[PDB]
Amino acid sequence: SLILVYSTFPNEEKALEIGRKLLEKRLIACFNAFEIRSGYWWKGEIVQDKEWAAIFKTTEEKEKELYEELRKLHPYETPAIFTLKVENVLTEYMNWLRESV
């Protein structure tokens, strides 16, 4: 079925280049990326950062391969990579997604 894999990137160019590479490899059907502000602890201090998030849409069958490729293309050493399962999907869109990967 459809799965959404989320990650964050240091800038717009890196998010878009990785999404294009994943599409070139036919590992994902599409991506949606957007600018975010983030906050987290780093070296004992709370920091505020500006990043780009992206959601990568693909099938459950491609999840392992997508995790492996995305980890290998990521600029971050320990990137946020996690999966959100979906409960329903418009049939025609699910067919387009499945045919694409």
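When you see a residue number, it is the position in the sequence shown, counting from 1.
- When the C-alpha B-factors of 84-92 and 19-27 are averaged, 84-92 comes out higher.
- Annotation for 57-65 versus 31-39: the higher mean temperature factor (C-alpha) is found in 57-65.
- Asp49 sits in the middle third of its chain by CA B factor, as recorded in the PDB entry.
- Annotation for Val101: C-alpha temperature factor in the highest third relative to the rest of the modelled chain, per the entry.
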